[PDB]
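The listed protein sequences derive, respectively, from chains B and A.
The first sequence lines up with residues 3 to 292 when you count with the deposited numbering.
The second sequence lines up with residues 711 to 759 when you count with the deposited numbering.
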Amino acid sequence: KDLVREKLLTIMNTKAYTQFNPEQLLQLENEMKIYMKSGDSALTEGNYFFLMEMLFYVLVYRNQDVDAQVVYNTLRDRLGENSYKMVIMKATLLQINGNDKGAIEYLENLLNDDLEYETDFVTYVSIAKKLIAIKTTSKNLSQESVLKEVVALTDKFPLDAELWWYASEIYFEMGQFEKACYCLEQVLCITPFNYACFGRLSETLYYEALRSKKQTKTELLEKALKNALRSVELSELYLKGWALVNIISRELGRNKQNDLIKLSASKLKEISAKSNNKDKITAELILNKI
Amino acid sequence: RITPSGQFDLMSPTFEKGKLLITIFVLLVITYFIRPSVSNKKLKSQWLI
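The structure is reproduced here in structure tokens:
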């Protein structure tokens with residue numbers, strides 16, 4: 003059934019597997035392998051190998067991992083190991099196979115061999131990302147991880163929005179909630195139409211406003227409104243923009259927003275219609291709770 | 711049987727059809743050479759998967 007590959011097309015580009023429950027992830031890998039082995043028709047080679055490594059990384063995500071070696075050996079045929087992906091696969095293999103730190107130093111000189119730019123900028127961008135991902139296991143957690151990002155981020159590559167997005171999390175959790183607003187603005191700089199940076203940039207303002215002065219409370223809430231309304235222009239059924247509009251309207255409730263509550267309620271009930279799955283549970287919960 | 715202009719209607723008695731056919735086959739074989747090669751090579755090398 004060729005409809006299957008549609009999800010797979012999503013799952014490569016979206017990395018949907020990353021935030022999946024191991025129960026449904028285990029279902030996903032089982033549901034995958036049947037179509038991977040059976041429905042071998044009409045799909046490109048590039049899609050083939052993107053699906054093949056995405057099988058590898060699902061299998062490493064799976065709790066059984068010996069099949070990861072199988073997929074890697076079969077995928078090691080093409081372009082040797084020099085591309086960014088096989089650097090990733092060999093590093094995560096060497097790091098998981100014995101829980102040895104070794105790959106980093108074997109990757110360390112690699113970046114010192116990237117001093118000549120032996121590979122593309124995106125490659126050692128991703129190497130910087132995954133070596134830091136190693137190092138945050140070396141140093142199990144700290145705020146200085148972001149400080150490490152700075153020597154990697156503000157010196158070498160502002161352009162990766164993922165870096166500023168991740169930095170926002172570590173600022174937002176316990177750090178100052180204002181530098182997340184700057185960084186999320188920088189995310190908007192990189193891509194015009196990120197409509198989830200739009201919801202988050204309003205949420206961080208709202209959480210900042212919860213601990214601010216009254217005039218700053220109204221100022222930040224008003225800016226949060228105009229950012230959540232900026233969410234809405236990019237989508238109709240976007241649950242988080244409409245919801246965050248309705249939330250600050252619940253907080254404020256003043257006459258013109260009461261009309262926008264009626265309009266947002268019609269749209270949010272349309273969202274909380276069963277066209278949407280599971281997300282509807284969170285949407286309805288806030289709808290009917292208060 | 712006489713031809714004023716030389717024969718334009720008759721196809722020929724004397725085509726080198728074998729040369730034409732072989733050149734067509736040269737086209738087909740060069741397709742067989744390059745298509746798996748170039749498709750794999752360029753798509754996978756420029757994507758650096």
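From the three backbone atoms N, C-alpha and C, an ideal C-beta is built for every residue, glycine too.
Check: Residue of B:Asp42, B:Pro24, B:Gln29 minimising C-alpha distance to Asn65 (chain B); Outcome: B:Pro24
Check: Supposed close pair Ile136 (chain B), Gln188 (chain B) - CB separation, criterion 8 Å; Outcome: No, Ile136 (chain B) and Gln188 (chain B) are not in contact; Cβ-Cβ is about 25 Å, not under 8 Å.
Check: Cβ of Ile744 (chain A) within 8 Å of any chain B Cβ; Outcome: no
Check: Three or more C-beta pairs below 8 Å linking the stretch 734-750 of chain A and the stretch 274-282 of chain B; Outcome: no
Check: Proximity of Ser274 (chain B) and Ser251 (chain B) at Cβ, strictly below 8 Å; Outcome: no
Check: Neighbouring residues, chain A, relative to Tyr74 (chain B) (Cβ below 7 Å); Outcome: Those do not exist, as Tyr74 (chain B) stays about 13 Å from chain A at its closest Cβ, beyond 7 Å.
Check: N-terminal and C-terminal residue of the alpha helix (DSSP H) that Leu289 (chain B) is part of; Outcome: 281-291
Check: Distance, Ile288 (chain B) Cα to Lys269 (chain B) Cα; Outcome: 14 Å
Check: Residue interval of the alpha helix (DSSP H) (run including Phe179 (chain B)); Outcome: It is not in any alpha helix (DSSP H) - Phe179 (chain B) carries neither H nor E in the DSSP assignment.
Check: Closer than 8 Å to chain A by CB, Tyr86 (chain B); Outcome: yes
Check: Beta-carbon neighbours of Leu109 (chain B), restricted to chain A and to distances below 8 Å; Outcome: In chain order: nothing, as chain A lies at least about 17 Å away.
Check: Inter-residue Cα distance where the pair is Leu190 (chain B) and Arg232 (chain B); Outcome: 12 Å
Check: Element boundaries [alpha helix (DSSP H), containing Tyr126 (chain B)]; Outcome: 123-140
Check: Minimum Cβ-Cβ distance from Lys754 (chain A) to chain B less than 8 Å; Outcome: yes
Check: Rounded distance between the beta-carbons of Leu109 (chain B) and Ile129 (chain B), thought under 8 Å; Outcome: 7 Å
Check: Supposed close pair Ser85 (chain B), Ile759 (chain A) - CB separation, criterion 8 Å; Outcome: 6 Å
Check: Closer than 8 Å to chain A by CB, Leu53 (chain B); Outcome: no
Check: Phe51 (chain B), enclosing alpha helix (DSSP H) - first and last residue; Outcome: 47-63
Check: Any C-beta of chain A under 8 Å from that of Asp79 (chain B); Outcome: no
Check: Under 9 Å (Cβ pairs) to chain A, residues found in the stretch 118-132 of chain B; Outcome: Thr121, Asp122, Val124, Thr125
Check: Integer Cβ distance of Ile192 (chain B) from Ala154 (chain B), believed to fall under 8 Å; Outcome: With 8 Å as the limit, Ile192 (chain B) and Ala154 (chain B) do not qualify as a contact, their Cβ atoms being about 16 Å apart.
Check: Any C-beta of chain B under 8 Å from that of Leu758 (chain A); Outcome: yes
Check: Check whether residue 2 (chain B) and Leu11 (chain B) have beta carbons under 8 Å apart; Outcome: Since the first residue of chain B shown is 3 and the last is 292, residue 2 (chain B) is not available in this structure.
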